[PDB]
There are 2 protein chains.
Amino acid sequence: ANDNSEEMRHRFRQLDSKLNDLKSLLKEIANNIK
Amino acid sequence: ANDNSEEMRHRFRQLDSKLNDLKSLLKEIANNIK
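About the thresholds
- Note that residue numbers begin from 1 in each chain and follow the written sequence, not necessarily the entry's scheme, while residues that lack coordinates are absent from the view.
- Naming scheme: in the order in which they are written, chains are lettered from A and ligands are numbered from 1.
- Each value listed here was derived from the chains shown, which are themselves a piece of a larger assembly.
- Computation of side-chain values: all heavy atoms of the structure, hydrogens and water removed.
- Aromatic pairing here means that ring centres of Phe, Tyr or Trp (its six-membered ring) are within 6.5 Å. Orientation follows from the plane angle: under 30 degrees is stacked, over 60 is edge-to-face, and everything else is tilted.
- Going along the chain from the N terminus, every DSSP run of H or I of four or more residues is numbered as a helix, and every run of E of two or more is numbered as a strand.
- Residue contacts are counted whenever heavy atoms from the two residues lie within 4.5 Å of one another.
- Defined in terms of a 1.4 Å probe, buried area is the accessible area two parts forfeit on being brought together, summed over both.
- Between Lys or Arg on one side and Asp or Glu on the other, a salt bridge is scored when a side-chain nitrogen of the former is within 4 Å of a carboxyl oxygen of the latter.
- Between N or O atoms, a polar contact is any pair within 3.5 Å; within protein, one atom must be a potential hydrogen donor and the other a potential acceptor, and residues adjacent in sequence are included only when both atoms are from side chains.
- All residues other than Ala, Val, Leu, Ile, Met, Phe, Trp, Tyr, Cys, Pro, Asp, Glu, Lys and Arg, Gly among them, are scored as polar; the first ten of these are nonpolar and the last four charged.
- Copies superposed on C-alpha atoms by least squares.
- Angles run from 0 to 180 degrees between N-to-C directions of axes, and those axes are lines fitted to C-alpha atoms, restricted for helices to the stretch in contact.
- Oblique is the label for every angle not falling under 35 degrees (roughly parallel), over 145 degrees (roughly antiparallel), or within 65 to 115 degrees (roughly perpendicular).
- Here is the rule for handedness: rotate from the far helix to the near one, and if that takes an anticlockwise turn smaller than a right angle the crossing is left-handed, while a clockwise turn gives right-handed.

This entry lists cryo-EM as its structure determination method and reports a resolution of 2.98 Å.

This is the structure:
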């Protein structure tokens, strides 16, 4: 039993975590300026 | 009847919304600096 939906899914999760980290750093800079 | 194009599609829509939010925050900071 082999599939590739989980591996591309997990790539989607790791880029989702990266985008969350980018939004976190942007909110940090938006608070540091003001 | 089962498919997985809609679920990965919906992941694409939620990251599309996240990228729109990132662009919104970047335009906000670009206006706050100037």
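Next, the rest of the story.
Student: How should I be thinking about the packing of aromatic side chains in this particular structure?
Tutor: Remark: the centre distance and the inter-plane angle together describe each pair of aromatic rings, the angle taken between the planes. Using the criterion set out here, one finds one aromatic pair over all chains in the structure. Ring centres of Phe12(A) and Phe12(B) lie 5.2 Å apart, and the angle between their planes is 80 degrees; on these two criteria the pair is classed as edge-to-face. In this pair, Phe12(A) is assigned in helix α1 (residues 5–33) and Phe12(B) in helix α1 (residues 5–33), connecting two distinct chains.

Student: What is the right way to look at the interface of chain B and chain A in this model?
Tutor: When the parts of a complex come together, some accessible area is lost, and that lost area is often used as the size of the interface. Every contact between the two is made by 11 residues of chain B and, on the other side, 13 residues of chain A. Both sides together, the interface formed by chain B and chain A hides about 1200 Å², and carbon and sulfur atoms give 74% of it. When the buried surface of chain B facing chain A is broken down by residue, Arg11(B), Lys18(B) and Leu22(B) rank first, second and third, together holding 37% of it. Inspection of the region where chain B meets chain A yields one salt bridge. The shortest N-O distance in the salt bridge between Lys18(B) and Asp16(A) comes to 2.4 Å. Joining chain B to chain A, the criterion identifies two residue pairs in polar contact. Residue composition of the side of chain B that touches chain A, by class: eight nonpolar, one polar and two charged.

Student: How do you make sense of the relation of the copies chain B and chain A when you look at a structure like this?
Tutor: The operation relating the two chain copies consists of a rotation about an axis and a shift along that axis. If you rotate chain B by 90 degrees and push it 0.0 Å along the axis, it lands on chain A with an RMSD of 0.0 Å. The symmetry that links the two subunits is that of a four-fold axis.

Student: Explanation requested: the packing of α1(A) against α1(B) in the structure shown.
Tutor: The geometry of a pair of packed helices is captured by two quantities: the angle between their axes and the separation between those axes. Direction vectors running N to C along α1(A) and α1(B) enclose 20 degrees, while the axes themselves pass 11 Å from each other. If you check the angle between α1(A) and α1(B), you find them roughly parallel. Pair α1(A) / α1(B) crosses with left-handed handedness. Side by side, α1(A) and α1(B) meet where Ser5(A), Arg9(A), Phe12(A), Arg13(A), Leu15(A), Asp16(A), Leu19(A), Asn20(A), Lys23(A), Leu26(A), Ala30(A) and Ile33(A) of the first sit next to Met8(B), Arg11(B), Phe12(B), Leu15(B), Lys18(B), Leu19(B), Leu22(B), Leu26(B), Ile29(B) and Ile33(B) of the second. The class makeup of the residues in the contact of α1(A) with α1(B) is 14 nonpolar, two polar and six charged.

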